[PDB]
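S.K.: As input, take final_18.pdb (PDB, C-alpha atoms):
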```
ATOM      1  CA  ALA Z   1       0.000   0.000   0.000
ATOM      2  CA  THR Z   2       1.110   3.520  -0.669
ATOM      3  CA  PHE Z   3       0.948   6.276   1.909
ATOM      4  CA  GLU Z   4       1.744   9.774   0.640
ATOM      5  CA  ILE Z   5       2.880  11.813   3.643
ATOM      6  CA  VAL Z   6       2.442  15.528   3.075
ATOM      7  CA  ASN Z   7       3.693  18.312   5.313
ATOM      8  CA  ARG Z   8       1.384  21.327   4.947
ATOM      9  CA  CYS Z   9       2.765  22.833   8.155
ATOM     10  CA  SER Z  10       4.796  26.013   7.971
ATOM     11  CA  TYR Z  11       7.593  24.246   9.843
ATOM     12  CA  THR Z  12       9.697  21.259   8.960
ATOM     13  CA  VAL Z  13       8.662  17.894  10.334
ATOM     14  CA  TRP Z  14      10.473  14.534  10.289
ATOM     15  CA  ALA Z  15       7.898  11.959   9.319
ATOM     16  CA  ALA Z  16       8.156   8.534  10.944
ATOM     17  CA  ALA Z  17       6.594   5.190  10.092
ATOM     18  CA  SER Z  18       6.904   2.020  12.197
ATOM     19  CA  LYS Z  19       5.024  -1.056  13.362
ATOM     20  CA  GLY Z  20       6.804  -0.984  16.735
ATOM     21  CA  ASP Z  21       9.386  -3.689  16.099
ATOM     22  CA  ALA Z  22      10.410  -2.584  12.617
ATOM     23  CA  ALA Z  23      10.460   0.416  10.270
ATOM     24  CA  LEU Z  24       7.883   0.800   7.612
ATOM     25  CA  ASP Z  25       9.734   1.674   4.396
ATOM     26  CA  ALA Z  26      12.769   3.715   5.369
ATOM     27  CA  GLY Z  27      11.101   4.518   8.691
ATOM     28  CA  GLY Z  28      11.621   8.272   8.600
ATOM     29  CA  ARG Z  29      12.498  11.266   6.462
ATOM     30  CA  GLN Z  30      12.662  15.055   6.658
ATOM     31  CA  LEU Z  31       9.727  16.891   5.053
ATOM     32  CA  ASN Z  32      10.177  20.628   4.703
ATOM     33  CA  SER Z  33       7.036  22.744   4.502
ATOM     34  CA  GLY Z  34       5.080  21.624   1.462
ATOM     35  CA  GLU Z  35       7.024  18.451   0.720
ATOM     36  CA  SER Z  36       5.491  15.071   0.056
ATOM     37  CA  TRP Z  37       7.095  11.677   0.714
ATOM     38  CA  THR Z  38       5.456   8.483  -0.543
ATOM     39  CA  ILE Z  39       6.113   5.260   1.334
ATOM     40  CA  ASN Z  40       5.228   1.678   0.643
ATOM     41  CA  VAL Z  41       3.787  -0.368   3.473
ATOM     42  CA  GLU Z  42       3.613  -4.159   3.119
ATOM     43  CA  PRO Z  43       0.144  -5.656   2.881
ATOM     44  CA  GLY Z  44      -0.932  -7.250   6.126
ATOM     45  CA  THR Z  45       0.885  -4.738   8.297
ATOM     46  CA  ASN Z  46      -0.782  -4.850  11.697
ATOM     47  CA  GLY Z  47      -0.401  -2.068  14.170
ATOM     48  CA  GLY Z  48       1.362   0.426  11.926
ATOM     49  CA  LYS Z  49       1.735   4.057  12.882
ATOM     50  CA  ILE Z  50       2.803   7.276  11.141
ATOM     51  CA  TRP Z  51       3.592  10.431  13.052
ATOM     52  CA  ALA Z  52       5.439  13.708  12.811
ATOM     53  CA  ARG Z  53       8.514  14.643  14.785
ATOM     54  CA  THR Z  54       9.469  18.228  15.495
ATOM     55  CA  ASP Z  55      12.592  20.222  16.155
ATOM     56  CA  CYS Z  56      15.050  17.388  15.206
ATOM     57  CA  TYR Z  57      18.855  17.381  14.776
ATOM     58  CA  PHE Z  58      20.535  14.467  13.008
ATOM     59  CA  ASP Z  59      24.206  13.923  12.217
ATOM     60  CA  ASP Z  60      25.492  12.455   8.934
ATOM     61  CA  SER Z  61      24.842   8.934  10.164
ATOM     62  CA  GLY Z  62      21.186   9.561  10.944
ATOM     63  CA  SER Z  63      21.562   9.811  14.708
ATOM     64  CA  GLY Z  64      20.340  12.654  16.841
ATOM     65  CA  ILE Z  65      17.317  13.864  18.728
ATOM     66  CA  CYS Z  66      13.832  15.310  18.251
ATOM     67  CA  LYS Z  67      11.737  17.196  20.780
ATOM     68  CA  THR Z  68       8.609  15.393  19.954
ATOM     69  CA  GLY Z  69       8.269  11.891  18.626
ATOM     70  CA  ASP Z  70      11.898  10.816  18.904
ATOM     71  CA  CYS Z  71      12.389   7.152  18.104
ATOM     72  CA  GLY Z  72      15.558   6.232  19.921
ATOM     73  CA  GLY Z  73      17.478   9.067  18.331
ATOM     74  CA  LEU Z  74      17.215   7.710  14.783
ATOM     75  CA  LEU Z  75      16.216   9.525  11.612
ATOM     76  CA  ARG Z  76      15.057   6.144  10.291
ATOM     77  CA  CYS Z  77      12.632   4.941  12.910
ATOM     78  CA  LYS Z  78      12.448   1.309  13.833
ATOM     79  CA  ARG Z  79      10.435   1.864  16.997
ATOM     80  CA  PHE Z  80       7.545   4.021  18.121
ATOM     81  CA  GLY Z  81       8.145   7.623  19.073
ATOM     82  CA  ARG Z  82       8.361   9.431  22.336
ATOM     83  CA  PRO Z  83       5.140  11.209  23.366
ATOM     84  CA  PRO Z  84       3.607  13.597  22.675
ATOM     85  CA  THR Z  85       2.759  12.286  19.233
ATOM     86  CA  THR Z  86      -0.475  12.587  17.252
ATOM     87  CA  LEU Z  87      -0.829   9.108  15.708
ATOM     88  CA  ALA Z  88      -2.128   7.899  12.359
ATOM     89  CA  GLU Z  89      -2.790   4.196  13.089
ATOM     90  CA  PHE Z  90      -3.607   1.391  10.712
ATOM     91  CA  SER Z  91      -3.890  -2.335  10.251
ATOM     92  CA  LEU Z  92      -4.055  -3.500   6.653
ATOM     93  CA  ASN Z  93      -5.542  -6.622   5.102
ATOM     94  CA  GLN Z  94      -7.145  -7.857   8.268
ATOM     95  CA  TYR Z  95      -9.641 -10.466   7.088
ATOM     96  CA  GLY Z  96     -10.161  -8.572   3.859
ATOM     97  CA  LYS Z  97     -10.409  -5.003   5.191
ATOM     98  CA  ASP Z  98      -8.195  -2.169   6.341
ATOM     99  CA  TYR Z  99      -8.710  -0.259   9.581
ATOM    100  CA  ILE Z 100      -7.572   3.305  10.198
ATOM    101  CA  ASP Z 101      -7.815   5.815  13.030
ATOM    102  CA  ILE Z 102      -6.194   8.839  14.620
ATOM    103  CA  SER Z 103      -5.226   8.623  18.277
ATOM    104  CA  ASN Z 104      -4.372  11.170  20.955
ATOM    105  CA  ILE Z 105      -3.723   8.402  23.536
ATOM    106  CA  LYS Z 106       0.002   9.241  23.296
ATOM    107  CA  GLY Z 107      -0.669  12.970  23.242
ATOM    108  CA  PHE Z 108      -0.675  15.486  20.423
ATOM    109  CA  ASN Z 109       2.148  17.341  18.714
ATOM    110  CA  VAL Z 110       1.056  18.171  15.124
ATOM    111  CA  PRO Z 111      -2.427  18.297  13.591
ATOM    112  CA  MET Z 112      -3.318  15.570  11.150
ATOM    113  CA  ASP Z 113      -5.599  14.337   8.447
ATOM    114  CA  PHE Z 114      -5.514  10.608   7.574
ATOM    115  CA  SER Z 115      -7.572   9.818   4.511
ATOM    116  CA  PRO Z 116      -7.855   7.138   1.835
ATOM    117  CA  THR Z 117      -6.776   8.110  -1.674
ATOM    118  CA  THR Z 118      -8.859   5.224  -3.061
ATOM    119  CA  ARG Z 119     -12.552   4.348  -2.910
ATOM    120  CA  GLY Z 120     -14.869   3.119  -0.272
ATOM    121  CA  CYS Z 121     -14.422   4.891   3.082
ATOM    122  CA  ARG Z 122     -13.974   8.295   4.727
ATOM    123  CA  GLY Z 123     -10.906   9.916   6.290
ATOM    124  CA  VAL Z 124     -10.418  11.022   9.865
ATOM    125  CA  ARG Z 125      -8.896  14.276  11.134
ATOM    126  CA  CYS Z 126      -7.630  15.886  14.280
ATOM    127  CA  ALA Z 127      -6.680  19.407  13.259
ATOM    128  CA  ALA Z 128      -7.720  21.616  16.190
ATOM    129  CA  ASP Z 129      -5.156  23.651  18.080
ATOM    130  CA  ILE Z 130      -4.611  21.136  20.867
ATOM    131  CA  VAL Z 131      -1.151  22.474  21.674
ATOM    132  CA  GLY Z 132      -2.421  26.029  22.059
ATOM    133  CA  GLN Z 133      -5.401  24.963  24.149
ATOM    134  CA  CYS Z 134      -3.561  22.254  26.154
ATOM    135  CA  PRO Z 135      -4.365  22.080  29.876
ATOM    136  CA  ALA Z 136      -1.468  23.513  31.860
ATOM    137  CA  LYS Z 137      -0.643  20.229  33.599
ATOM    138  CA  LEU Z 138      -0.394  18.396  30.261
ATOM    139  CA  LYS Z 139       1.805  20.897  28.448
ATOM    140  CA  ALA Z 140       5.092  19.281  27.462
ATOM    141  CA  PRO Z 141       8.036  21.606  28.228
ATOM    142  CA  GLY Z 142       9.721  19.974  25.325
ATOM    143  CA  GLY Z 143       6.827  20.905  23.064
ATOM    144  CA  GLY Z 144       3.258  19.444  22.480
ATOM    145  CA  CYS Z 145       0.373  18.331  24.710
ATOM    146  CA  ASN Z 146       1.005  15.159  26.670
ATOM    147  CA  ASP Z 147      -1.597  12.563  27.398
ATOM    148  CA  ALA Z 148      -2.438  12.025  31.063
ATOM    149  CA  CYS Z 149      -0.929   8.539  31.206
ATOM    150  CA  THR Z 150       2.467   9.948  30.206
ATOM    151  CA  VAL Z 151       2.204  12.683  32.823
ATOM    152  CA  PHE Z 152       0.693  10.881  35.828
ATOM    153  CA  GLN Z 153       1.295   7.153  35.340
ATOM    154  CA  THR Z 154      -1.938   5.965  36.945
ATOM    155  CA  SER Z 155      -3.942   2.838  36.216
ATOM    156  CA  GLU Z 156      -6.917   5.053  35.429
ATOM    157  CA  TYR Z 157      -5.162   7.125  32.763
ATOM    158  CA  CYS Z 158      -3.069   4.281  31.365
ATOM    159  CA  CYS Z 159      -6.020   1.790  31.449
ATOM    160  CA  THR Z 160      -3.674  -0.742  32.828
ATOM    161  CA  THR Z 161      -6.306  -3.123  34.029
ATOM    162  CA  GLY Z 162      -8.633  -2.675  31.079
ATOM    163  CA  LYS Z 163     -11.502  -0.961  33.004
ATOM    164  CA  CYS Z 164     -10.835   2.784  32.942
ATOM    165  CA  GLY Z 165     -13.299   5.550  32.199
ATOM    166  CA  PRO Z 166     -13.057   8.919  30.512
ATOM    167  CA  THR Z 167     -11.327  11.619  32.510
ATOM    168  CA  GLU Z 168     -11.169  15.389  32.605
ATOM    169  CA  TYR Z 169      -7.967  15.117  30.562
ATOM    170  CA  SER Z 170      -9.323  12.642  27.987
ATOM    171  CA  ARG Z 171     -12.394  14.813  27.644
ATOM    172  CA  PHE Z 172     -10.190  17.773  26.578
ATOM    173  CA  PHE Z 173      -8.703  15.780  23.704
ATOM    174  CA  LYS Z 174     -12.163  14.458  22.777
ATOM    175  CA  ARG Z 175     -13.719  17.941  22.806
ATOM    176  CA  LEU Z 176     -11.006  19.328  20.536
ATOM    177  CA  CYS Z 177     -10.921  16.199  18.332
ATOM    178  CA  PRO Z 178     -14.077  14.080  18.472
ATOM    179  CA  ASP Z 179     -12.833  11.839  15.675
ATOM    180  CA  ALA Z 180      -9.673  10.658  17.468
ATOM    181  CA  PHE Z 181      -9.180   8.236  20.296
ATOM    182  CA  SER Z 182      -8.846  10.150  23.579
ATOM    183  CA  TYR Z 183      -8.188   7.245  25.963
ATOM    184  CA  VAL Z 184      -7.730   3.487  25.600
ATOM    185  CA  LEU Z 185     -11.412   2.545  26.036
ATOM    186  CA  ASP Z 186     -12.870   5.422  24.075
ATOM    187  CA  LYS Z 187     -15.832   4.682  21.864
ATOM    188  CA  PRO Z 188     -13.955   3.698  18.689
ATOM    189  CA  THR Z 189     -13.481   6.114  15.824
ATOM    190  CA  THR Z 190     -11.882   3.486  13.607
ATOM    191  CA  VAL Z 191     -12.872   3.541   9.964
ATOM    192  CA  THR Z 192     -13.188   0.374   7.905
ATOM    193  CA  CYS Z 193     -11.717   0.712   4.418
ATOM    194  CA  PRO Z 194     -11.504  -1.831   1.573
ATOM    195  CA  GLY Z 195      -8.541  -4.128   1.936
ATOM    196  CA  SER Z 196      -5.492  -2.769   0.121
ATOM    197  CA  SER Z 197      -6.619   0.841   0.091
ATOM    198  CA  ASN Z 198      -4.011   3.567  -0.323
ATOM    199  CA  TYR Z 199      -3.761   6.673   1.868
ATOM    200  CA  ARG Z 200      -2.565  10.199   2.453
ATOM    201  CA  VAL Z 201      -1.380  11.540   5.819
ATOM    202  CA  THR Z 202      -1.372  15.339   5.821
ATOM    203  CA  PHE Z 203       0.253  17.276   8.634
ATOM    204  CA  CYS Z 204      -1.406  20.644   9.282
ATOM    205  CA  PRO Z 205      -4.311  20.012   6.932
ATOM    206  CA  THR Z 206      -6.066  23.284   7.737
ATOM    207  CA  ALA Z 207      -5.266  26.903   8.464
TER
END
```
Take the structure in this file and express it as structure tokens.

M.R.:
Amino acid sequence: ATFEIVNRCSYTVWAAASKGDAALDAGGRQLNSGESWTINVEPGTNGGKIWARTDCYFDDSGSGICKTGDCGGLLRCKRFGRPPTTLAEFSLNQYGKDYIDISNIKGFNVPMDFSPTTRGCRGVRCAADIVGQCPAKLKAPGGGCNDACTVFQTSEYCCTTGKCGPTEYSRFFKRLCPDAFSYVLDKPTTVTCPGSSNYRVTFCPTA
């Protein structure tokens, strides 16, 4: 499957793509404002994620740091990124269908649209100004709006036992972005697409 990753933000981002134990395609790349990078993701990929990283520095070997979304200091991510990270999440070719969502469970750094470029389903978007509106206790000094699990490390926020409810913090993310997951047991906002759809992830889709 192809995923065109487009940076419509006014700032550079370093796109990242991983399934947690491996890179997807090259795993990461710089995208200056306006650039587009198309990756290929193997059919059947389960638990894939794409995200933006901000304010990164890499040396000539691809090693460095980002303030949001760092994946073990690599340009080419093999592993998921450090919160806060708005997440485009997908599982492809799962019993004949693809499944996509956006999640704020690991916080928010950059606004996002995640849409099919092929027939048969709708996109999802979280493009509100969550960083600007972030509750004071969730603001990341490093940049972005942390989720409450990251900040407070409680069973309730992290849904450790599987029985957690919404919270004042999850409700903030849900108010700003109804169409993204705000906590682990949120009412799902997953979209079912035809198996082997192709997609576009756009950072800063609006404004």

S.K.: So which residues touch residue 65 of chain Z within 6 Å, counting all atoms listed in the file, skipping near sequence neighbours fewer than 2 positions away, as a list in words?

M.R.: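 Residues meeting the cut-off are residues 56, 57 and 73 of chain Z.
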
S.K.: For the structure shown, which residues end up in the PyMOL selection byres ((chain Z and resi 169) around 10)? Put them as a short mmCIF file (atom, residue, chain, number, x, y, z; two decimals) with C-alpha atoms, in the coordinates of the input, please?

M.R.:
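Wrote it out as part.cif, contents follow:
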```cif
data_model
loop_
_atom_site.label_atom_id
_atom_site.label_comp_id
_atom_site.auth_asym_id
_atom_site.auth_seq_id
_atom_site.Cartn_x
_atom_site.Cartn_y
_atom_site.Cartn_z
CA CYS Z 134 -3.56 22.25 26.15
CA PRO Z 135 -4.36 22.08 29.88
CA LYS Z 137 -0.64 20.23 33.60
CA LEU Z 138 -0.39 18.40 30.26
CA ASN Z 146 1.00 15.16 26.67
CA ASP Z 147 -1.60 12.56 27.40
CA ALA Z 148 -2.44 12.02 31.06
CA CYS Z 149 -0.93 8.54 31.21
CA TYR Z 157 -5.16 7.12 32.76
CA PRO Z 166 -13.06 8.92 30.51
CA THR Z 167 -11.33 11.62 32.51
CA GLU Z 168 -11.17 15.39 32.60
CA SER Z 170 -9.32 12.64 27.99
CA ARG Z 171 -12.39 14.81 27.64
CA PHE Z 172 -10.19 17.77 26.58
CA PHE Z 173 -8.70 15.78 23.70
CA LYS Z 174 -12.16 14.46 22.78
CA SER Z 182 -8.85 10.15 23.58
CA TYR Z 183 -8.19 7.24 25.96
#
```

S.K.: Please report the interatomic distance between atom CA of residue 123 of chain Z and atom CA of residue 90 of chain Z in Å with one decimal.

M.R.: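 Computing the Euclidean distance for atom CA of residue 123 of chain Z and atom CA of residue 90 of chain Z yields 12.1 Å.
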
S.K.: Given the file shown, enumerate the residues that the PyMOL selection byres ((chain Z and resi 198) around 7) captures and present them as a PDB file with C-alpha atoms, in the frame of the given file.

M.R.:
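Written output follows (selection.pdb):
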```
ATOM      1  CA  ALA Z   1       0.000   0.000   0.000  1.00  0.00           C
ATOM      2  CA  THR Z   2       1.110   3.520  -0.669  1.00  0.00           C
ATOM      3  CA  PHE Z   3       0.948   6.276   1.909  1.00  0.00           C
ATOM      4  CA  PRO Z 116      -7.855   7.138   1.835  1.00  0.00           C
ATOM      5  CA  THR Z 117      -6.776   8.110  -1.674  1.00  0.00           C
ATOM      6  CA  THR Z 118      -8.859   5.224  -3.061  1.00  0.00           C
ATOM      7  CA  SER Z 196      -5.492  -2.769   0.121  1.00  0.00           C
ATOM      8  CA  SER Z 197      -6.619   0.841   0.091  1.00  0.00           C
ATOM      9  CA  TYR Z 199      -3.761   6.673   1.868  1.00  0.00           C
TER      10      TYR Z 199
END
```

S.K.: Between atom CA of residue 156 of chain Z and atom CA of residue 104 of chain Z, measure the distance and give it in Å to one decimal.

M.R.: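 These two atoms are separated by 15.9 Å.
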
S.K.: Applied to this file, what does the PyMOL selection byres ((chain Z and resi 8) around 7) return in terms of residues, put as a list in words?

M.R.: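 Applying the expression gives residues 6, 7, 9, 10, 33, 34, 202, 203, 204 and 205 of chain Z.
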
S.K.: So how many Å separate atom CA of residue 67 of chain Z and atom CA of residue 42 of chain Z, to one decimal?

M.R.: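 Atom CA of residue 42 of chain Z lies at a distance of 28.9 Å from atom CA of residue 67 of chain Z.
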
S.K.: At a cut-off of 7 Å, using only C-alpha atoms, what residues contact residue 98 of chain Z? Leave out same-chain residues fewer than 5 positions from it and give the result as JSON, numbers by chain.

M.R.: {"Z": [91, 92, 93, 192, 193, 194, 195, 196]}
